[PDB]
Amino acid sequence: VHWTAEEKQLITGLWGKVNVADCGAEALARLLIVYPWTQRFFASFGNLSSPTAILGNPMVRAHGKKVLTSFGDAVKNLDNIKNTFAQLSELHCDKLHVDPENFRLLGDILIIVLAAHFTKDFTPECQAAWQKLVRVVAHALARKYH
Amino acid sequence: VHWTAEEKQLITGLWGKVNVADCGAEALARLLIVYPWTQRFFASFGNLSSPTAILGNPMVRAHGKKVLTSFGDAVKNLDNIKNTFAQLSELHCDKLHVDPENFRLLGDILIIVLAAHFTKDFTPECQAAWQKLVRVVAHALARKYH
Amino acid sequence: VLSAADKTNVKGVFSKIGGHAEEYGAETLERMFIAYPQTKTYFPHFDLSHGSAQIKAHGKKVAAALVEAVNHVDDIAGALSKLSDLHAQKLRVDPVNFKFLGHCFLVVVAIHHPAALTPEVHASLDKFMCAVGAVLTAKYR
Amino acid sequence: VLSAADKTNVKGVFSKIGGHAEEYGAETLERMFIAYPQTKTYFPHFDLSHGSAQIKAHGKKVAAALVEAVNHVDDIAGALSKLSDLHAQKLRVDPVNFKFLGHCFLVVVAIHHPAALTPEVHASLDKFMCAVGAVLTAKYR
Ligand code: HEM
Ligand code: HEM
Ligand code: HEM
Ligand code: HEM
């Protein structure tokens with residue numbers, strides 16, 4: 001993957017402003033609500049019984065944070081995402097058997113969450129750069145399948 | 001990708017028996033019939049107006065043959081598919097903008113066509129080896145996207 | 001969903017399948033487990049060795065439900081309502097797995113009845129399996 | 001398809017969108033073209049520069065059809081029947097492109113009305129865009 005100077009600016013500039021606990025919690029909660037089969041993977045998180053319980057489940061909150069903070073590892077070094085995400089690829093593919101399509105769905109949700117928080121500042125160009133990043137991260141996660 | 005001795009045997013052994021004009025024509029015709037949006041890519045092939053016209057369209061027949069014969073390039077060297085399909089990846093991704101999901105759909109159709117021709121001999125293991133091959137070929141075709 | 005032509009076509013193929021629905025049920029599962037090994041994760045408590053009684057018993061039930069949907073093609077959401085709760089609410093089967101099984105079924109049909117699976121019937125049967133897929137993944141909330 | 005709760009939720013969000021449907025139409029397309037450049041191939045005869053009259057005129061029409069479907073939520077296949085022939089028979093739009101546009105629309109809603117797009121409304125609006133997607137890719141044969 002090649003990153004442009006502008007794409008790097010849009011990514012690193014938004015990353016500094018991102019509340020990872022808040023966006024992370026919301027992104028994972030929306031995943032479980034909008035695509036309910038994803039709940040099977042998180043059965044051990046306790047009460048996932050309604051949107052409100054999912055939203056106020058502490059393990060959901062905490063895991064969502066950890067998902068989003070691991071995007072910082074990508075932001076840190078954008079030209080080395082493939083190798084940075086190799087262990088997490090093994091985890092998701094060999095242990096959990098999460099179908100790659102679900103990586104795409106969480107990426108799409110993250111983008112909606114970012115949009116709702118940053119509104120006006122979430123320009124078409126900033127969206128495109130962020131879409132590219134979740135796509136690259138999803139592809140890095142799916143590499144142990146190939 | 002790693003190929004087992006058995007997988008190689010199942011692939012090379014079936015390849016020698018495959019009628020590429022017949023299976024090729026059928027596979028591409030079924031693609032255009034079962035998933036009709038794929039016809040947009042082949043508008044220049046003339047009459048695609050009904051299943052019978054699609055089936056008896058000469059350019060459909062001839063293109064289907066060429067698709068299947070290019071699987072021989074893969075069979076020839078199973079450990080070098082990524083590089084063998086690099087030019088065709090550029091063609092399909094940069095020029096034609098064919099969404100990768102369609103590579104999967106043609107692979108799935110090819111498997112059904114193989115099954116109908118080889119019936120009894122198309123064992124679960126032979127299917128699995130062939131499924132793996134169309135998956136690997138599809139992934140090689142989608143590499144210019146990443 | 002399904003045109004009158006599609007319904008004719010699906011009734012057409014299933015009539016030929018007929019008395020073999022059970023065996024084809026078992027064969028579809030065996031191919032799915034082998035070709036898409038990730039599906040094995042939904043059956044941890046199964047004996048998945050070739051020709052196991054558990055696969056044959058389960059295959060019969062899967063085929064039986066498909067036959068029932070065919071016999072009620074005009075209202076399949078009603079015919080399979082109990083099965084949607086099981087697959088969507090309880091088991092939370094990833095939608096992608098219904099595509100794998102639908103594909104293995106079409107492979108089984110082609111092996112046993114190649115002359116019956118004309119391109120037209122193929123297109124109708126694919127729509128049908130997709131329709132069944134969507135019903136069984138429906139009630140997700 | 002859509003529960004009574006879903007229909008309430010979709011009517012709910014679209015009421016807030018209200019007088020802005022046209023602008024949101026244009027904004028959705030602009031984001032789609034930028035974020036998924038392959039969609040540009042369906043509009044070779046368009047001026048796709050930011051804020052072009054062609055995008056605004058087309059955006060208005062896309063939004064208008066969505067509003068019409070909302071106003072006829074109980075029968076959207078009927079409300080959008082002419083549009084299914086155009087998209088499925090004539091243009092042969094790859095289904096995948098409807099997912100891109102549905103996603104860009106949800107992004108536009110979130111930007112302008114974040115408090116209205118609760119997780120529940122999100123889930124309903126996604127189902128709705130999926131329902132519209134399937135209708136517009138229907139009559140493929
Ligand atoms: C594409 C974006 C994703 C990222 C960046 C991501 C990242 C992570 C991280 C950092 C962990 C913790 C690993 C550790 O403990 O060291 C994790 C675990 C996990 N992930 Fe993901 N993940 C993604 C997508 C998904 C999806 C789509 C699913 C399934 C719907 C999923 C299911 C799980 C599960 C079940 C765990 C273990 C839960 C636990 O025991 O705490 N992940 N992931
Ligand atoms: C995954 C399996 C596929 C293989 C192995 C394959 C292979 C090929 C080959 C060998 C050619 C001829 C290239 C040349 O002229 O040197 C070609 C061209 C082409 N392919 Fe594919 N292809 C695949 C999938 C697809 C799909 C899914 C589509 C779209 C639905 C597609 C659309 C086209 C088109 C429009 C051409 C050019 C047609 C022409 O001008 O003759 N291909 N492909
Ligand atoms: C055409 C699609 C399918 C049909 C018609 C179907 C039908 C059935 C039937 C009839 C049952 C038994 C219910 C009972 O015993 O009362 C069942 C259960 C089950 N299904 Fe499916 N099924 C389909 C797809 C799938 C898929 C794709 C998977 C996962 C890969 C799956 C996983 C399961 C599991 C784990 C059970 C419970 C098994 C047990 O412990 O008894 N199903 N299904
Ligand atoms: C919610 C989904 C969509 C809706 C409601 C929608 C609605 C419409 C409407 C109202 C028209 C104009 C018909 C007329 O002028 O009489 C149209 C045309 C068109 N649509 Fe869509 N559309 C959707 C999705 C898409 C997608 C995803 C694409 C491709 C990426 C696409 C490509 C086109 C094209 C190329 C035209 C003709 C433009 C022209 O030359 O005038 N549409 N659509």
Side-chain angles (χ1 to χ4, degrees), chain A residues 1-28 30-31 64-65 67-79 81 84-85 103-140, chain B residues 145-146, chain D residues 17 20 23-40 48-52 55-56 59 97 99-117 122 125-126 129:
Chain A
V1 200
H2 183 265
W3 296 98
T4 200
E6 293 173 275
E7 282 165 354
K8 295 187 173 178
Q9 276 183 7
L10 294 165
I11 291 160
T12 63
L14 194 58
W15 182 246
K17 292 177 194 183
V18 171
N19 188 327
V20 301
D22 277 0
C23 290
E26 199 184 310
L28 188 70
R30 289 177 186 261
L31 184 77
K65 173 173 172 193
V67 170
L68 199 41
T69 82
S70 80
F71 274 85
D73 290 328
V75 182
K76 206 166 166 172
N77 202 350
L78 291 164
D79 307 288
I81 288 164
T84 307
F85 278 85
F103 304 148
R104 183 208 182 268
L105 299 178
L106 182 48
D108 287 353
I109 287 175
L110 179 62
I111 278 138
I112 298 173
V113 167
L114 290 181
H117 288 256
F118 286 102
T119 74
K120 192 201 179 191
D121 304 319
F122 202 65
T123 55
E125 300 78 20
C126 185
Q127 181 181 337
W130 278 86
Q131 304 222 338
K132 181 174 168 176
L133 182 61
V134 303
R135 220 206 320 277
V136 169
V137 166
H139 179 77
Chain B
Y145 280 123
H146 320 294
Chain D
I17 290 170
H20 300 295
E23 316 165 44
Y24 294 6
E27 189 179 344
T28 76
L29 290 172
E30 288 197 24
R31 290 174 177 271
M32 189 188 66
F33 298 141
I34 285 142
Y36 308 95
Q38 65 271 43
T39 61
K40 292 205 258 267
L48 301 172
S49 60
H50 168 84
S52 92
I55 296 168
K56 302 256 166 74
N97 300 102
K99 279 162 187 166
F100 300 152
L101 181 55
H103 172 65
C104 294
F105 185 72
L106 276 157
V107 161
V108 168
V109 178
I111 287 172
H112 293 279
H113 296 90
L117 199 66
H122 187 166
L125 227 210
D126 191 63
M129 297 309 280

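First the proteins, then the strands, lettered A, B, ... as listed; each starts at 1.
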Inter-residue atom distance A:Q131.CD - D:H103.NE2, 0.5 Å rounding: 4.0 Å
Would you be so kind as to tabulate the donor-acceptor pairs closer than 3.5 Å made by side chains of residues 24-35 of chain D, with sequence neighbours excluded?
| from | atom 1 | to | atom 2 | distance (Å) |
| --- | --- | --- | --- | --- |
| D:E27 | OE1 | D:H112 | NE2 | 2.6 |
| D:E27 | OE2 | D:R31 | NE | 3.0 |
| D:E27 | OE2 | D:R31 | NH2 | 3.3 |
| D:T28 | OG1 | D:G25 | O | 2.8 |
| D:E30 | OE1 | D:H50 | ND1 | 2.4 |
| D:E30 | OE2 | D:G51 | N | 2.9 |
| D:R31 | NH1 | A:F122 | O | 3.1 |
| D:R31 | NH1 | A:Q127 | OE1 | 2.6 |
| D:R31 | NH2 | A:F122 | O | 2.7 |

Shortest non-hydrogen contact between A:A129 and A:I11, atoms and distance: O-CD1, 3.9 Å
Other residues, nucleotides, ligands: >12 heavy atoms within 6.0 Å of D:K40 NZ: yes
Heavy-atom pair of closest approach, residues D:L117 and D:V109: CD1-CG1, 4.0 Å
Straight-line distance of A:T12 OG1 to A:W3 CH2, nearest 0.5 Å: 11.5 Å
List, one per line, each side-chain donor-acceptor pair under 3.5 Å for residues 16-27 of chain A, sequence neighbours excluded.
| from | atom 1 | to | atom 2 | distance (Å) |
| --- | --- | --- | --- | --- |
| A:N19 | OD1 | A:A21 | N | 3.2 |
| A:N19 | OD1 | A:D22 | N | 3.1 |
| A:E26 | OE1 | A:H117 | NE2 | 2.8 |
| A:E26 | OE2 | A:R30 | NE | 3.1 |
| A:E26 | OE2 | A:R30 | NH2 | 3.3 |

NZ/D:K99: more than 12 non-hydrogen atoms of other groups inside 6.0 Å: no
Closest non-hydrogen atom pair between D:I17 and D:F105, with its separation: CD1-CZ, 3.8 Å
D:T39 side chain reached by D:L101 side chain, heavy atoms, under 4.5 Å: no
Value rounded to 0.5 Å, distance of CG in D:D126 from CG in A:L105: 8.5 Å
Nearest heavy-atom neighbours spanning A:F85 and A:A140: CB-CB, 3.9 Å
From A:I112 atom CD1 to A:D108 atom CG, the distance as rounded to the nearest 0.5 Å: 7.0 Å
Interatomic spacing from CG in A:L10 to OG1 in A:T123 - rounded to 0.5 Å: 6.0 Å
Any donor-acceptor N/O pair, A:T4 side chain to A:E7 backbone, under 3.5 Å: no
Partner residues of D:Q38 under the side chain to side chain contact (heavy atoms under 4.5 Å, CB included) criterion, sequence neighbours left out: B:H97, D:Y36, D:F100
pair D:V107-D:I111: side-chain heavy atoms closer than 4.5 Å: yes
A:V67 and A:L106, any side-chain heavy atoms less than 4.5 Å apart: yes
D:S49 (side chain) donor-acceptor with D:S52 (main chain) under 3.5 angstrom: no
Step-by-step side-chain contact (heavy atoms from CB on, under 4.5 Å) determination, A:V134 to A:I111: CA-CA 9 Å; A:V134 303; A:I111 278 138; 3.6 Å; yes
Between CG on residue A:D73 and CG on residue A:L78, distance to nearest 0.5 Å: 11.5 Å
Minimum-distance pair of heavy atoms, taken over all atoms of D:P114 and A:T119: CG-CG2, 4.3 Å
